[PDB]
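Read off the chains here:
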Amino acid sequence: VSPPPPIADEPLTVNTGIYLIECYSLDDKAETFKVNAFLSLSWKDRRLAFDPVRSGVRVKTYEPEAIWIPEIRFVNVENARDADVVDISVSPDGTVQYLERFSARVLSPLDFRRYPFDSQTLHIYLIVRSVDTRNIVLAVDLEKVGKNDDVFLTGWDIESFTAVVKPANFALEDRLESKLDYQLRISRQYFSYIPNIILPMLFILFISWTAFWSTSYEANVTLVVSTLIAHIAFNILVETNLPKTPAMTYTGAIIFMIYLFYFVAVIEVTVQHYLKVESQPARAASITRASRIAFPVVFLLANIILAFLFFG
Amino acid sequence: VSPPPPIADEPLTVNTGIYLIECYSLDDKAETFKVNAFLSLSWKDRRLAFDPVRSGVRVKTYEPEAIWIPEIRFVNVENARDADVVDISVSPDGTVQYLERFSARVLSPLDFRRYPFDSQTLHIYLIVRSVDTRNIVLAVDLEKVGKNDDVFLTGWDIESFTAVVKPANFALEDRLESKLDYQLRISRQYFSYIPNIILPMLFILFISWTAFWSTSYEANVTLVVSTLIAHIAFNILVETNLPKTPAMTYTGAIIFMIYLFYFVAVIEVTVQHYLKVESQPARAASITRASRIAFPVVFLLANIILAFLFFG
Amino acid sequence: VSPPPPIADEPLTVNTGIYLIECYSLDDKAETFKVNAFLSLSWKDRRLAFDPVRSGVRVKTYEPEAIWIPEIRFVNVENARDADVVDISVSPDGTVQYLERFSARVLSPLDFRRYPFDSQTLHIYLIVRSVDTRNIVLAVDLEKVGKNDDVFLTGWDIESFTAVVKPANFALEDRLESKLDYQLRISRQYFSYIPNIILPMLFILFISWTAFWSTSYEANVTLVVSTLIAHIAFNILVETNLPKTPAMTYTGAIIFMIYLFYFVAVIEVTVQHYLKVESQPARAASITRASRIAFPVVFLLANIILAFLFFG
Amino acid sequence: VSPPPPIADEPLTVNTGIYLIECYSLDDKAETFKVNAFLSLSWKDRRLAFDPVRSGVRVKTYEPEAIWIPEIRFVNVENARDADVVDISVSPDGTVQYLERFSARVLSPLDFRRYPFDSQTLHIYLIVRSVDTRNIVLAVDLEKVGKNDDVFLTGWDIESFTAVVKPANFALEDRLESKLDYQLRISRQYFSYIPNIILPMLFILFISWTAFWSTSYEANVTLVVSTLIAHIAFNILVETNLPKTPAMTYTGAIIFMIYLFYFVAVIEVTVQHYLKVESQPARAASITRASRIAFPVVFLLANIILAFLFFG
Amino acid sequence: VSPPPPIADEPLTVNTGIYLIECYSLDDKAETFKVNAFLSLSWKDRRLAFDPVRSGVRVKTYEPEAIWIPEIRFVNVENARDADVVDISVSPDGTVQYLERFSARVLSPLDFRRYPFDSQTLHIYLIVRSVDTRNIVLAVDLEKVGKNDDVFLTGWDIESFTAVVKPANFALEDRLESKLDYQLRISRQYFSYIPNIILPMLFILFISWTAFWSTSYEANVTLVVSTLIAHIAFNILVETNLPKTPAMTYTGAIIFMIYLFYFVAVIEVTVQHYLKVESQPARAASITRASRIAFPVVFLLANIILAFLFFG
Ligand SMILES: [Cl-]
Ligand SMILES: [Cl-]
Ligand SMILES: [Cl-]
Ligand SMILES: [Cl-]
Ligand SMILES: [Cl-]
């Protein structure tokens, strides 16, 4: 109905807190997830005090109407939160307790430089806008922050849910505003990626490499090109389930390296056949004997260099 | 309007009950399903008691307003249920009968270790938050729990729909709460998986193995690599449905084993030709005759071991 | 506001009726469809009786409020109907005319035993719940039941829209309810399925069979395995439409039979080559000549048997 | 709030017009499209006549309430339109000018008999239902019918947007109703289909036909079967971009003809090889040189006949 | 409740301004993106003037009701925005400050002529309609226009967000209207496309070209046709994320040129084999040596010409 009047000069302080109940539906393409949690607020209003002896009660219960409630919004949400008030209580001195359960979809950027073995941080921002007659600042109540024991994401490990206790005050549209930052840290479960993606590609690459122990041109052509087609199919299967990155990643580097190796293998087979046709079998034998050892060693060294470069 | 007054300390007891009508839309990747059921509540309110003889009626009907109604909320739902009140009736002694019809989307984790032949248990949780003046507890009315005989699920068999009688009481956010558990047990129908998945893969594998009765190198290479491409296509088709799992599953183990077998077959085909060209035409014959019997027996033993480990 | 009082015990009778306008969005996977139609109701309420001479009018129009309207609900709908009242009229003797337009999604199971050439029946259930003081029973008004001439379902032929006159009365949750069934019968348009799906598969199978007129092992292997790879794509394309089927269907039987035929053809080619290697060409020639006639005749007989079984 | 008093028992005529603002989301699979436009109405009400000299004002302005406006609805919409009245004005005479802005999703069947080069007409129906005390008929005002210049559809050209002046009066549900038809004619932009679909298929077919200039049986088998596989792979994307509405069409006939040509080419290659084996090379050469000219001529004649038949 | 009365003839002026908070979900196929921003308005209303000295304050606060608010609406939005008022203030002179946070889905065409290396401009249009007694015009307040520092579009770079000062006044439905234009200029991040799309295609094309150093017909046929299949798969992958293009585009021209090159390569291989069969090795060798250099040079020149033509 009206913000509480300042006594002399003090701004109004609202102590916040979020208690997670569920987090689900993490989307890699759209970089969104859905949340479901409690919201708690507490401020000071001297106009709601009462005498317990005359009233005969301890805490009074109000309704959302006929009481002043500060406006709290989330910055990074696609739509306004769907909320319903649970309870409002008033202490004899004037402190008010407010509890509310909501559900919303949050927007948060994701980093995919280390996609198979990466870790992310999800942000939720709370902001309040000062009224004409009063300045409002936010705070953190550590006794109201937590997560449910059964909170789970599909394929992720939840590590912690904390909040930065220092709000950021700045001027926006002729008014002062205060913001809070809630951080959720998670890690990816990478076990299922190994036998599903990594080892089959190695097997296909080795099958392609087995052409260095043969002199039949047609068989080598069949081997290498068919394995290339299989690699293309697997590449689509992999790079169908992640968004368009702006910078270089790890998976892209590995896939490009594999394409390079296939091209070089084709060149080697062509060179061997062309030298054999010109009745120079010794050079062809030397070249294929060298390639047999050259390919795996270079592959291992390049993979080691990339692994150090991205995870070092 | 206001919670009913206690006598000395007796907590308020609310009797619950859910009668399923339609359950459908079970999503494996989203791990959700949609429900449609009745909800029945009953409690005692001495303020509404009346003498039937004076009023001349046995049951009085009230609108949802002007009557205190406990707040019952589901825990694991994406959004608050959309419900409408059907009937409210008041007994002469003050007992109130309540009935509403709702629909909601339920979040429930799933287990995919024994994926083709698994059984699941879907959970539905009720909870009520105690008010400041009065303490509220939940209960189960065993005569108002059931389901329609017309309930159908696409690919599942309904086994039972029960409720755990004893609630769980805990203090959350400085208030006491009570929680109930409703469990729906289902089992998968697995007959259609056999001729659609299992037998075509076995036929493709046998077609691949037929290369041990041939001596031409190009034909063997063609057979093995083309069957590998077919296997890759089938693997993608199968993985279209099953979501990511943080542990080993039966299907993943089988698929990885098949990839390993293809790799070993390619190695054997290469070895035979290399020995043949090296002017040793007897060791090649020995190796081929050995592999003819070695491959099927080892495949059978490995399948038996896997079926023992995962289903025992 | 309050149901009309009975004379002695005679239950209130409500005459129903549905007039279809649009039917669209029939989803096979979800087994749903979307409807848009009218809804006519008519009952008796003697408290609304008036005489025409003193009133000066023949019919009185009422707003939806200030009058008792029974609660009519559909059973198999994802959400309650989105309806808005159109007209309300009152006869001099007490009869009331009701009319409204709605739109909802109807859940209906489907049968895919004869999927290319099947017929389906769709059910819409109407139910009313008795109030504490009066019992309500539904009836059917045949003059207000029908469908529009412009109703269009993509790929389906609408045949009839009728209702079973006798309702089914049962006791649910300590109250009596009456249920009515409206049945929509449709047939599938199968002609487009012939040149899109059926004939190309026969052509590919014949191309595969053409390998019985050649003795080149590599050419036969190429033909048979490449045609198998071609068949797999068609199998995926066909299977990606229908939902999972608990029982055995026509299409699944045909596809499994085709897989078996490909396997037997591979076996025959391998046997021919192995016999030809051992310098016994007479047996190979006899086997090839026998298979040339054996394969098409057995295929035709198996198809005739399957067609007789699944359609008789 | 009542219908205007009847004058000489004459039906009440209203003038209507629609001015398009946005047209978007033309989903051919569901045969729907969303609209966004204005709506103008006008009729006569003697009760609203006011003296301009005494009032001192030119025209009046009324809230939607305390005045009667006829109920106008769209027949082919999924749900009721979302309308918000903009202006209500009444001239010094009895005429009243009405305006509102709405948005809705419209149902309209589409025909794909000439898919690449087809044209469509989209219908929007307006209906008014007579009341128990008056008859209402519709009319079209030419100056209020129009279309915004910025209205765009992805891949379509907009031709015209007119209305049929003549209504359609009929008795439905024992009431008289009038219908107006607003037609929006569009045509598809078909140039991008040539270099994306038409020419690659011709190139692949010619690559297949190149097998009439060689005698190597293995090479011919490889060419023909691999090009068939490529044709299937291309048909995958062709169906990916093609509307998912099964019916008879031009593209389906073209694809079926291509499959038939591939089958005949395989038959010819097999015949040539079989004749060459039996030491009758003259017949094989005659058949080959005849087919070299026979195939393109028959293909061109079949294309001409189909094009004349479907588009003439 | 009533527009402000003019002094003599001055039209009402409303100063506008939009401050972006979040823009996201840029869809190429649907040509849509979602926005979330502030909206600021300011006009003169002398009916609300007061005296600060006698009132004892400096700024009054009002609800959205009991005050006249101009009806500002967007044009190219799928539905009406979801809006909630944040603040309303009144200056003693009469200037009203209005603030509101909204969210909407915007329609805007895109140009795909230079798709890998293109830039786009996104338009937002505001419009107001003059009332029967007053004329309203729009204006731009540059101090209230800006974008948030955390605004991000996945795969795009944001350049600027400005607006045109001059509105476009025109008459629609016999009422004057004023329209503004806010422009958001963005650029595409093209680096990721290089190693994911461009280089693999070059490698596949070179593998195809390697057939000019061999003289085995079967090997050349296998190489060329298998690389063609790989190109078709890559074409499907590229065209997954792209809408229909009314005019010729860069990528379409490149893909068509690649198809043409494959066809010419097949022609060359067939010609070489046919010449070699007729015992004319000299012409075959000359043609092969000529093509070895002819193909890369022509490909490079055609690429340069296309790049100059489209990016001129
Ligand atoms: Cl919010
Ligand atoms: Cl809830
Ligand atoms: Cl309903
Ligand atoms: Cl409507
Ligand atoms: Cl708007």
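**Quick word on the arrangement of the chains**
- The pair of protein chains exhibiting the most contacts, out of five pairs of chains in contact, is chains B and C.
- In this structure chain A stays clear of chain C, and the shortest span between their C-alpha atoms is 12 Å.
- Chain A shows no contact with chain D. Their nearest C-alpha atoms sit 12 Å apart.

**Examining the pairing of strand 2 (residues 32-44) of chain A**
All names here are of chain A.
- Within strand 2, eleven of the 13 residues are buried, leaving the element largely enclosed by the surrounding structure.
- Remark: four residues form the turn of the hairpin made by strand 1 (residues 12-27) and strand 2, two consecutive strands paired antiparallel; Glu31 in that turn has positive phi of roughly 60°.
- Across 13 bridges, strand 2 lies against strand 6 (residues 95-107) in antiparallel orientation. Residue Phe33 lies in a different strand from strand 6, and its bridge partner there is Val106.

**Remarks on the packing of helix 4 (residues 250-277) of chain B against helix 5 (residues 283-310) of chain B**
Residues and elements named next belong to chain B.
- Interaxial distance between helix 4 and helix 5 falls to 11 Å at its minimum, and their mutual angle equals 175°. Looking at the two axes, helix 4 sits roughly antiparallel to helix 5.
- Across the contact of helix 4 with helix 5, the residue classes break down as 18 nonpolar, four polar and two charged.

**Comments concerning unusual backbone geometry**
- Residues other than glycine seldom take positive phi values, yet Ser25 of chain A does so here, at roughly 60°.
- Within the secondary structure, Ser25 of chain A sits in strand 1.
- In the Ramachandran plot, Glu173 of chain D falls in the positive-phi region, its phi being about 55° despite a non-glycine side chain.
- Considering the arrangement of structural elements, one finds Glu173 of chain D in the loop between strand 13 (170-171) and strand 14 (176-188).
- Judged by its relative accessible area of 15%, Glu173 of chain D falls in the buried class.

**Some remarks on the interface of chain D and chain E**
- With 44 residues of chain D in contact, the opposing surface of chain E contributes 38 residues.
- Note on chain D versus chain E: buried area summed over both sides is about 3,800 Å², and carbon and sulfur give 67% of it.
- Three residues, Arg101, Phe203 and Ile207 of chain D, lead the burial of chain D against chain E; their summed loss comes to 14% of the area buried on that side.
- In this assembly, chain D and chain E are joined by one salt bridge.
- Among the ionic pairs, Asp87 of chain D bridges to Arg129 of chain E, the shortest N-O distance being 2.2 Å.
- Where chain D packs against chain E, one counts seven residue pairs in polar contact.
- Put simply, the parts of the chain that give the side of chain D that touches chain E at least two residues each are strand 3 (19-27), strand 4 (32-44), strand 7 (84-90), strand 8 (95-107), helix 2 (193-209) and helix 3 (217-241) of chain D.
- It is helix 3 of chain D that contributes the most residues to the side of chain D that touches chain E, eleven residues altogether.
- Considering only residue class, the side of chain D that touches chain E consists of 25 nonpolar, 14 polar and five charged.

**With respect to the packing of aromatic side chains**
- Inspection of every chain in the model, using the stated rule, returns 95 aromatic pairs over all chains.
- Judged by centre distance (5.0 Å) and plane angle (45°), the ring pair of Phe212 of chain C and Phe295 of chain C falls under tilted. Separated by 83 residues along the polypeptide, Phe212 of chain C in the loop between helix 2 (193-209) and helix 3 (217-239) and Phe295 of chain C in helix 5 (residues 281-310) bring together distant segments of the chain.
- Among the residues examined, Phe212 of chain C registers a relative accessible area of 4% and is labelled buried.
- Here the aromatic cluster, defined as three or more aromatic residues joined through ring pairs, consists of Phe203, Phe206, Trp209, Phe212, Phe261, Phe295 and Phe299 of chain A together with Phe256 and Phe263 of chain B.
- The positively charged end of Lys179 of chain B is found above the aromatic ring belonging to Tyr125 of chain B, 4.7 Å away from the centroid.

**Looking at the relation of the copies chain D and chain E**
- Taken as rigid bodies, chain D and chain E are interconverted by a rotation of 72° and an axial shift of 0.3 Å, the fit giving an RMSD of 0.9 Å. Each copy turns onto its partner about a five-fold axis.
- The fraction of interface residues of chain D whose copies in chain E are also interface residues is only 7%, indicating that the copies meet through different surfaces.

**Describing the pattern of salt bridges**
- Scanning all chains against the criterion turns up 48 salt bridges over all chains.
- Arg175 of chain B serves as the salt-bridge partner of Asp87 of chain A, at 3.9 Å between the closest nitrogen and oxygen. A residue pair is termed interchain when its members come from two chains, as with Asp87 of chain A in strand 5 (residues 84-90) and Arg175 of chain B in strand 11 (residues 175-188).
- Classification of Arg175 of chain B as partly exposed rests on a relative accessible area of 22%.
- If you follow the salt bridges from partner to partner, you end up with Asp28, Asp118 and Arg188 of chain A in one network.

**Describing the pairing of strand 8 (residues 119-129) of chain C**
Residue and element names in this part refer to chain C.
- Where strand 5 (residues 72-74) meets strand 8, three bridges bridge the pair, whose relative direction is antiparallel. If you follow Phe74 over to strand 8, its bridge partner there is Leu126.
- For strand 8 and strand 13 (residues 175-188), the ladder comprises eleven bridges, and the chain directions are antiparallel. The residue bridging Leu126 from the neighbouring strand is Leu180, located in strand 13.

**A word on the nonpolar core**
- Among the nonpolar cores identified, the biggest contains 216 residues, and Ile18, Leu20, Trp43, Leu126, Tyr182 and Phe234 of chain D are the most heavily contacted of them.
- Not counting chain neighbours up to four residues away, the residues in contact with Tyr182 of chain D comprise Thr16, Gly17, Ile18, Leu122, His123, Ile124, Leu126, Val140, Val145, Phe161, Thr162 and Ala163 of chain D.

**Topic: the side chain of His231 of chain C**
Residues and elements named next belong to chain C.
- Here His231 is to be found in helix 3.
- Residue class for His231 comes out buried when judged on its relative accessible area of 1%.
- With near-sequence residues (within four places) excluded, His231 lies in contact with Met201, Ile255, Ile258, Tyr259 and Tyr262.

**Looking at the domain arrangement of chain A**
Residues and elements named next belong to chain A.
- Segmenting chain A into domains produces domain 1 (12-188) and domain 2 (193-311).
- With nine residues of domain 1 in contact, the opposing surface of domain 2 contributes eleven residues.
- Together domain 1 and domain 2 conceal approximately 1,100 Å² of surface at their shared face, both sides included; 67% is due to carbon and sulfur atoms.
- For the interface between domain 1 and domain 2, the tally reads zero salt bridges.
- One can count two residue pairs in polar contact joining domain 1 with domain 2.
- The residue makeup of the side of domain 1 that touches domain 2, split by class, is four nonpolar, no polar and five charged.

**So, the packing of helix 3 (residues 217-239) of chain B against helix 3 of chain C**
- For the pair helix 3 of chain B and helix 3 of chain C, interaxial distance at closest approach is 10 Å and the crossing angle is 5°. If you check the angle between helix 3 of chain B and helix 3 of chain C, you find them roughly parallel. Contacts between helix 3 of chain B and helix 3 of chain C involve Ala219, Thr222, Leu223, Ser226, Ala230, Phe234 and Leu237 of chain B on the former and, on the latter, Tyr217, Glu218, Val221, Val225, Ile229, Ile232, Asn235 and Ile236 of chain C.
- Residue composition of the contact of helix 3 of chain B with helix 3 of chain C, by class: eleven nonpolar, three polar and one charged.

**A closer look at the interface of chain B and chain C**
- With 44 residues of chain B at the contact, the number on the chain C side is 40 residues.
- Between chain B and chain C, a total of about 3,800 Å² is buried, with carbon and sulfur atoms accounting for 66% of that surface.
- Where chain B meets chain C, there are two salt bridges.
- Applying the counting rule to chain B against chain C returns ten residue pairs in polar contact.
- Contributing elements (two or more residues each) for the side of chain B that touches chain C: strand 2 (18-27), strand 3 (32-44), strand 5 (82-90), strand 6 (95-107), helix 2 (193-209) and helix 3 of chain B.
- Of the residues in the side of chain B that touches chain C, the class split is 24 nonpolar, 14 polar and six charged.

Conventions adopted
Residues numbered from 1 in each chain as written, not as in the entry; some residues may be left out. Chains lettered and ligands numbered in written order. Heavy atoms only, no water. Contact = heavy atoms within 4.5 Å. Buried < 20%, exposed > 50% of the residue type's maximum accessible area, 1.4 Å probe, protein only. Helix = DSSP H or I, 4+ residues; strand = E, 2+ residues; numbered from the N terminus. Pairing = 2+ DSSP bridges. Axes fitted to C-alpha atoms, helices over the stretch in contact; angles between N-to-C directions. Parallel < 35°, antiparallel > 145°, perpendicular 65-115°, else oblique. Nonpolar A, V, L, I, M, F, W, Y, C, P; charged D, E, K, R; others polar. Buried area = accessible area lost by both parts, 1.4 Å probe. Salt bridge = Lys/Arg side-chain N within 4 Å of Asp/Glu carboxyl O. Polar contact = N/O pair within 3.5 Å; in protein donor to acceptor, adjacent residues only side chain to side chain. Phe/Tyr/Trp six-rings, centres within 6.5 Å; stacked < 30°, edge-to-face > 60°. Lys NZ or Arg CZ within 6 Å of the ring centre and 35° of its normal. Least-squares fit on C-alpha atoms. Core = buried A, V, L, I, M, F, W, Y, C linked by side-chain atoms within 4.5 Å. Domains from an automatic or database assignment.

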